[PDB]
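First comes the structure, then the notes that go with it.
Neighbour counts run over all protein chains shown; Cβ positions are idealised from the backbone, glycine included. Read the figures in this text as sums done on the coordinates, not as results from a lab.
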Amino acid sequence: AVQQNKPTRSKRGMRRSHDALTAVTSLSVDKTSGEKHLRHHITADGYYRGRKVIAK
Amino acid sequence: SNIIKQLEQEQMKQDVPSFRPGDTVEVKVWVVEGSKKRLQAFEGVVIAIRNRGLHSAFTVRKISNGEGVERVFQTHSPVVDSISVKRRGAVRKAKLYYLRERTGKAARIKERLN
Amino acid sequence: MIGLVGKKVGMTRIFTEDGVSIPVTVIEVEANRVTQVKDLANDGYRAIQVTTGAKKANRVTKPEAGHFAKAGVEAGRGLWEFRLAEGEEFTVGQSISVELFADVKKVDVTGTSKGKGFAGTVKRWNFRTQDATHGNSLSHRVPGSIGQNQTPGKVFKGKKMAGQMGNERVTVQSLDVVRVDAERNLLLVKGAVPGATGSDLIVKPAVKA
Amino acid sequence: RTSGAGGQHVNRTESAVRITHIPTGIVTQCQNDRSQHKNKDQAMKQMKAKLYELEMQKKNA
Amino acid sequence: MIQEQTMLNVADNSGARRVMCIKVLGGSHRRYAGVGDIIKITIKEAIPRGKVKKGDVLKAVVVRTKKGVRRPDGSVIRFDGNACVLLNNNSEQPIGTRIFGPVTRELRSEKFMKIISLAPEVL
Amino acid sequence: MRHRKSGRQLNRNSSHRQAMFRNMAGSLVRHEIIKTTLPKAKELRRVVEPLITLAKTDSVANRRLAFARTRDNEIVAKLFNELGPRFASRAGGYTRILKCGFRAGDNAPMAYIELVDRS
RNA sequence: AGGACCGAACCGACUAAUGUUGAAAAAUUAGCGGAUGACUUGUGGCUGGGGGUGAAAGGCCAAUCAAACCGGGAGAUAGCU
RNA sequence: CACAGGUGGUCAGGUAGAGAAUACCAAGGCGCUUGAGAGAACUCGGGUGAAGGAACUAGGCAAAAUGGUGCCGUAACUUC
RNA sequence: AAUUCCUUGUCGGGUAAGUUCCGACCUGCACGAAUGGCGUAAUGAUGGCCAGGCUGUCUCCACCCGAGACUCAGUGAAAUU
RNA sequence: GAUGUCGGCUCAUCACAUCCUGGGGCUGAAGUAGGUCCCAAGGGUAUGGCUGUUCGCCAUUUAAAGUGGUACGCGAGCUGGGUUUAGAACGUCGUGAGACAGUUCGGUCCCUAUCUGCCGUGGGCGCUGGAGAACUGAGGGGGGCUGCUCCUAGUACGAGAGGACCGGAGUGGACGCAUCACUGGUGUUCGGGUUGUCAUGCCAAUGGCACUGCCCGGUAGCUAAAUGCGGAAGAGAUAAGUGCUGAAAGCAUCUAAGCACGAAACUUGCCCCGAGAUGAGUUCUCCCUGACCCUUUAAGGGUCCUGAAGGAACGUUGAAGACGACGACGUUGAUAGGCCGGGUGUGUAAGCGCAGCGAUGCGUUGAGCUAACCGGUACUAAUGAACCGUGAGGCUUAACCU
Ligand SMILES: *C(=O)[C@H](CCSC)NC=O
Ligand SMILES: [Mg+2]
Ligand SMILES: [Mg+2]
Ligand SMILES: [Mg+2]
Ligand SMILES: [Mg+2]
Ligand SMILES: [Mg+2]
Ligand SMILES: [Mg+2]
Ligand SMILES: [Mg+2]
Ligand SMILES: [Mg+2]
Ligand SMILES: [Mg+2]
Ligand SMILES: [Mg+2]
Ligand SMILES: [Mg+2]
Ligand SMILES: [Mg+2]
Ligand SMILES: [Mg+2]
Ligand SMILES: [Mg+2]
Ligand SMILES: [Mg+2]
Ligand SMILES: [Mg+2]
Ligand SMILES: [Mg+2]
Ligand SMILES: [Mg+2]
Ligand SMILES: [Mg+2]
Ligand SMILES: [Mg+2]
Ligand SMILES: [Mg+2]
Ligand SMILES: [Mg+2]
Ligand SMILES: [Mg+2]
Ligand SMILES: [Mg+2]
Ligand SMILES: [Mg+2]
Ligand SMILES: [Mg+2]
Ligand SMILES: [Mg+2]
Ligand SMILES: [Mg+2]
Ligand SMILES: [Mg+2]
Ligand SMILES: [Mg+2]
Ligand SMILES: [Mg+2]
Ligand SMILES: [Mg+2]
Ligand SMILES: [Mg+2]
Ligand SMILES: [Mg+2]
Ligand SMILES: [Mg+2]
Ligand SMILES: [Mg+2]
Ligand SMILES: [Mg+2]
Ligand SMILES: [Mg+2]
Ligand SMILES: [Mg+2]
Ligand SMILES: [Mg+2]
Ligand SMILES: [Mg+2]
Ligand SMILES: [Mg+2]
Ligand SMILES: [Mg+2]
Ligand SMILES: [Mg+2]
Ligand SMILES: [Mg+2]
Ligand SMILES: [Mg+2]
Ligand SMILES: [Mg+2]
Ligand SMILES: [Mg+2]
Ligand SMILES: [Mg+2]
Ligand SMILES: [Mg+2]
Ligand SMILES: [Mg+2]
Ligand SMILES: [Mg+2]
Ligand SMILES: [Mg+2]
Ligand SMILES: [Mg+2]
Ligand SMILES: [Mg+2]
Ligand SMILES: [Mg+2]
Ligand SMILES: [Mg+2]
Ligand SMILES: [Mg+2]
Ligand SMILES: [Mg+2]
Ligand SMILES: [Mg+2]
Ligand SMILES: [Mg+2]
Ligand SMILES: [Mg+2]
Ligand SMILES: [Mg+2]
Ligand SMILES: [Mg+2]
Ligand SMILES: [Mg+2]
Ligand SMILES: [Mg+2]
Ligand SMILES: [Mg+2]
Ligand SMILES: [Mg+2]
Ligand SMILES: [Mg+2]
Ligand SMILES: [Mg+2]
Ligand SMILES: [Mg+2]
Ligand SMILES: [Mg+2]
Ligand SMILES: [Mg+2]
Ligand SMILES: [Mg+2]
Ligand SMILES: [Mg+2]
Ligand SMILES: [Mg+2]
Ligand SMILES: [Mg+2]
Ligand SMILES: [Mg+2]
Ligand SMILES: [Mg+2]
Ligand SMILES: [Mg+2]
Ligand SMILES: [Mg+2]
Ligand SMILES: [Mg+2]
Ligand SMILES: [Mg+2]
Ligand SMILES: [Mg+2]
């Protein structure tokens, strides 16, 4: 149910070893609008693989 | 699969008649005893038919000597010699399992004319 | 004796002329082809590495390609070894067929069992459930005790517990070979073999016999 | 162990005693006393008595 | 698929009407008895003047079951209810002189040959 | 386990799920494009496309069926009079998913789903 | 007619599983008993601590009861920790 | 505590119903202030289950079952 | 026997098998006559025992539907040491 | 300044003083079946009735229903019948409060796991250039039960009754593994019947809600009660035991020299894991063959170019899966959805027409609809890239090649 000894900070650190975030490897650049975006997602301006798929 | 289908089709009997549920059918089956294959008849109502090509089957119910008996025949088994529709019945269901809890005058199923 | 690498097509049945319906697993044993031959001199033991099926040219890696190329053979979906007995020779290019099984009566079939995922002890170890009612509190399918008191003061190794079930190599033995068919590259064996439909199956002549 | 009684000690200890004759198939239980030994003694006595009674019965018959 | 506590009907004319299976014989921990399997039974309901008497513990052979019997080709055969033929404990041969209702090929052997002969239908 | 089983449960009870698919499909039909969560969008493909297919053959029975499925006469009309003939040549694939980032309120991965001859 | 019967509201609280760092310092859901009476309920009033009240269980008397609570005697006394 | 609790009175629509029960609705009011996925074990709350049918268990606990109106019919015993 | 220690008394019933149950006997450790004796229809969320029906209670678990559990985002405790 | 108690349940694990199965000696061992002792712990080793029971008696099984240890194993795993509070009553003791290892009826069983442990499953680094595969097998785990029938043979044995060893064949029980072809279960994602009610203007037709409203069927999957397979044979070294030859001890003696047989135990054989086997192994294949500074001059640091093999990431995903992981595919494309065709399931849709006063019936019609199935099909989505990974790989000996 509960600890018998306060665990160390070292232990905590070790535990958190795997809690790190991975940044996006790289962003795709749209061919037409030249603006960066996530692979397989549309851009913020609304392009996807060159064509304008959405208004705003 | 295709291969499986091929395997199956070459085993299927081609002469199987057009019975439905309710039909009073008469299945003749091969019976070994000693060293003499003979042909035992099993006349009853078809209560359920299961269509799966080679794996096809049908459940014939009768009342042998007071006791009710269902028998499930594997349709394309060579142990069945001959299926034959002695009468054809008008039922509204694919399966006549309500006939298990019905006897005599209740278990009647009207004949399907035309 | 060596064995072949087939693929589980599916199950079906063979009605015998007598009456009996034999449940058969259908194994599509495409022409296996030798890629490499091992020996006591170089490798340290006698065996044959074989491949089977086709593979995508765009998907096969360079190293993989090279190995195949050296052999002088089409690239297949995998490579599998077979230990050779004394008095068994194979050239590198050679293609072994299901015709090899014509003489055998029984076979051991090996393949990866179906994955049941994380299984509890009722499924995985056939543990008896506890009482469904009569007072039971939150402990119907739970594993019960897992040890004794202060001695030994630990759970012993290989205690039966919940965990991953299936998706592992299993081997059914002494399966009767119902029919060999060189025409369609089929082997029919009586009874269910491991794995799902489309899974690879190493068929070998039965060691027990 | 004895029937019912009262405590932890009672629950654990095996004071009750059931003596049995292998030739005759007679039995004598005792769990009157706390002391196993005493019970045994009592039980033994009972058994002895029973044997005597059986011998007398036989004689009578 | 008869087990301890299962009430069967009687096929023979021994005297008994209703009998309860008290033991499936022929193996430790043996769960069920299907057709052709000998069971120990006790007579729960009997006729006024028969061979057997109520509360009589004796053997019986199971001749029909509701679960049924599978054949080599895979053709199952069932019945509407479970039944048995009473037998002597020692001699293992029927008490009655007359078997009612249909039985099966499963039953036929050197042991239960009388029964099959008696029976009106053998499926 | 769930080998070979189709159909997302979507942390909903069955009836509720059905309702939502009916609504969503209708909305899509109306607007020809909608922004929803990606899984939901995916699910919708197996409701809307079939409806579209049904709408190709204009019969009374078919119309009735459509109505039953959807229950908005307007939607049905749209399907039969516009989308059915509009997708007459097209053999499936009436719709298009485009992934569109993550919803602010709960980081739920969003996606547009749109009819293929929208623009 | 009825401390009659079946049954909602209302009053209760026999079984159950749940909860047991609760949604809750006693509840829940499913069933359960009474339901024109020795019923139930609102509002106001009266009984006070060896005192009350008690169809009586040492029950209840503000989440406190084999002698309430608050303040005081008071830093009681403690051969014990 | 923005707490599954407690809090007296009045109003009392429709269809079915004996009904203020119950079901579905009206007038009116709400979706209960974390969502999104996934579809392991195990827990909770439910559904179904071959054959058997209390063998479970301290105990049929729990479930299952019975369930309405009319008419026939209804034993011991009884303070009638 | 809500009372019997010896005691699972003995005999009978019920069950394939009954330390419980019912009927007897009386050998009442240690019943007994308003701290009432013996009966008793009716009533009981009362104790014990047996039967029919019914059943996942169980043989022996299987599948399914939802709420957690698991992963992502936001917020963010606790006993213990 | 707390170590929760009998029994039940669930899970066990060890000992051997062995209950069954295996091996053997002696027998007051003819045979069958026993008695007794020695070896042997591989596996196996009962369901019920009664009682809170452990125990035990009884019923019926079984090859056998072993005896013990483990906090008389196991309540941060369940129960709470017994015990061990408070209510009440009987007997009994007491003047009484009350009391009894007398009896009786009633009576709250908390804990989200830090560490060890164990079951699973990943990330990091390592294994000395990097990469993709296939292996070897140190070591570890699993498995190991047994009945009945028939033959041998009514032979051997025996006065008869009865009735074998050895060896062989079949078919079961229990347990385990796999699987879904069959028989079935489930199948709130398929079809249908049907009650009440609300809605779609109404009719007709549909949908919502009522536990999936209540039912009847049922596809895929998952599944057991379904059906395949398993336990071995063999080999080695032995146990008790049995010997052979053989002296010490002219004989005798299985032992001292030497040689042999000998069991479910041991080591192998069968199945699975397994090179973190840091003792980091082997085999095959693939990939990289450029500059110049710099100095604290060494397996040193830097900047331009360069970026392979392959990997990851992203996407479409899976009979893989908690998450990671593993597998498949990404247009040179069937990976998913859709679509087409089929199958399966349900059981003759709607609309129209005819018959009927009508409920309804008949025709069109085995119709319509049909999930997870099968075979096809690029219609939609799987993007051109980008990212990590480099640029021939230390020293010392030996042997070769030249
Ligand atoms: C024995 O006296 C005791 C229980 C008493 S309950 C008031 N057992 C151990 O602590
Ligand atoms: Mg401590
Ligand atoms: Mg973490
Ligand atoms: Mg899986
Ligand atoms: Mg159990
Ligand atoms: Mg609790
Ligand atoms: Mg529970
Ligand atoms: Mg799929
Ligand atoms: Mg959620
Ligand atoms: Mg609903
Ligand atoms: Mg009243
Ligand atoms: Mg009260
Ligand atoms: Mg309530
Ligand atoms: Mg009432
Ligand atoms: Mg008191
Ligand atoms: Mg008082
Ligand atoms: Mg108070
Ligand atoms: Mg006071
Ligand atoms: Mg005082
Ligand atoms: Mg003072
Ligand atoms: Mg002080
Ligand atoms: Mg709130
Ligand atoms: Mg509130
Ligand atoms: Mg109303
Ligand atoms: Mg209401
Ligand atoms: Mg909320
Ligand atoms: Mg779930
Ligand atoms: Mg149910
Ligand atoms: Mg059932
Ligand atoms: Mg049934
Ligand atoms: Mg019954
Ligand atoms: Mg019982
Ligand atoms: Mg029991
Ligand atoms: Mg109940
Ligand atoms: Mg119920
Ligand atoms: Mg007395
Ligand atoms: Mg007594
Ligand atoms: Mg008696
Ligand atoms: Mg009595
Ligand atoms: Mg008295
Ligand atoms: Mg007097
Ligand atoms: Mg008096
Ligand atoms: Mg009185
Ligand atoms: Mg009362
Ligand atoms: Mg804190
Ligand atoms: Mg302490
Ligand atoms: Mg020994
Ligand atoms: Mg001996
Ligand atoms: Mg061994
Ligand atoms: Mg009973
Ligand atoms: Mg009992
Ligand atoms: Mg009992
Ligand atoms: Mg203990
Ligand atoms: Mg413990
Ligand atoms: Mg305990
Ligand atoms: Mg607990
Ligand atoms: Mg503990
Ligand atoms: Mg108790
Ligand atoms: Mg008291
Ligand atoms: Mg005393
Ligand atoms: Mg109570
Ligand atoms: Mg309780
Ligand atoms: Mg690793
Ligand atoms: Mg080993
Ligand atoms: Mg199946
Ligand atoms: Mg299938
Ligand atoms: Mg079915
Ligand atoms: Mg169903
Ligand atoms: Mg199925
Ligand atoms: Mg309706
Ligand atoms: Mg209408
Ligand atoms: Mg509504
Ligand atoms: Mg000698
Ligand atoms: Mg000599
Ligand atoms: Mg000699
Ligand atoms: Mg040897
Ligand atoms: Mg390595
Ligand atoms: Mg193509
Ligand atoms: Mg069809
Ligand atoms: Mg319809
Ligand atoms: Mg029509
Ligand atoms: Mg007319
Ligand atoms: Mg017709
Ligand atoms: Mg179709
Ligand atoms: Mg396909």
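For region E:101-113, the criterion of a residue being within 16 Å of RNA strand H (Cβ to nearest atom) and aromatic (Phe, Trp, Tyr) is satisfied by no position.
Pairs linking a residue in region B:1-15 that is within 10 Å of chain C (Cβ to nearest Cβ) and in contact (Cβ under 8 Å) with a residue 24 or more places away in the chain to a residue that is exposed (fewer than 15 other Cβ atoms within 10 Å of the Cβ) and not in a loop (DSSP other than H, G, I, E, B), with Cβ atoms under 6 Å and 6 or more positions apart or on different chains, are B:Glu8/B:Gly53.
Yes/no per residue for (1) within 6 Å of RNA strand J (Cβ to nearest atom); (2) under 22 Å from C:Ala31 (Cβ atoms); (3) within 14 Å of chain B (Cβ to nearest Cβ):
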{"position": "C:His140", "(1), (2), (3)": "no, no, no"}
{"position": "C:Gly144", "(1), (2), (3)": "yes, no, no"}
{"position": "C:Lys159", "(1), (2), (3)": "yes, no, no"}
{"position": "C:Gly163", "(1), (2), (3)": "yes, no, no"}
{"position": "C:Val178", "(1), (2), (3)": "no, yes, yes"}
{"position": "C:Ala196", "(1), (2), (3)": "yes, no, yes"}
{"position": "C:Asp200", "(1), (2), (3)": "no, yes, no"}
{"position": "C:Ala209", "(1), (2), (3)": "no, no, no"}
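Residues that are facing chain F (nearest Cβ under 9 Å) and in a loop (DSSP other than H, G, I, E, B) do occur in region A:26-38, at least one of them.
Quick grid of which residues meet (1) within 16 Å of ligand 3 (Cβ to nearest atom); (2) among the aromatic types (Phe, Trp, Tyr); (3) farther than 30 Å from E:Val76 by Cβ; (4) more than 14 Å from chain B (Cβ to nearest Cβ):
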| site | (1), (2), (3), (4) |
| --- | --- |
| C:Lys8 | no, no, no, no |
| C:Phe15 | no, yes, no, no |
| C:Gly66 | no, no, yes, yes |
| C:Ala71 | no, no, yes, yes |
| C:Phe82 | no, yes, yes, yes |
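All told, C:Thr110 falls short of being within 16 Å of ligand 5 (Cβ to nearest atom) and either touching a helix residue (DSSP H, G or I) at 6+ places or on another chain (Cβ under 9 Å) or more than 14 Å from chain F (Cβ to nearest Cβ) (or both).
Would you confirm whether any residue within region F:10-29 is touching a strand residue (DSSP E or B) at 6+ places or on another chain (Cβ under 6 Å), in contact (Cβ under 8 Å) with a residue 60 or more places away in the chain and on the phi > 0 side of the Ramachandran plot? Quick ask: steps written out before the conclusion?
First, the residues of region F:10-29 that are touching a strand residue (DSSP E or B) at 6+ places or on another chain (Cβ under 6 Å): F:27-28.
Those left that are additionally in contact (Cβ under 8 Å) with a residue 60 or more places away in the chain: F:28.
Filter once more, keeping what is on the phi > 0 side of the Ramachandran plot: none.
No: zero hits.
Rundown of residues vs (1) farther than 30 Å from A:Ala44 by Cβ; (2) surrounded by 12 or more Cβ atoms within 10 Å (Cβ to Cβ), yes/no style:
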residue	(1), (2)
F:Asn13	yes, no
F:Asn23	no, yes
F:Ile33	no, yes
F:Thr37	no, yes
F:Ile52	yes, yes
F:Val60	yes, no
F:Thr95	no, yes
F:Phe102	no, yes
F:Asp106	no, no
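Restricting the search to region C:77-118, which residues are assigned to a loop (DSSP other than H, G, I, E, B), among the polar types (S, T, N, Q) and surrounded by 13 or more Cβ atoms within 10 Å (Cβ to Cβ)? Selection gives C:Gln94, C:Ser97, C:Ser113.
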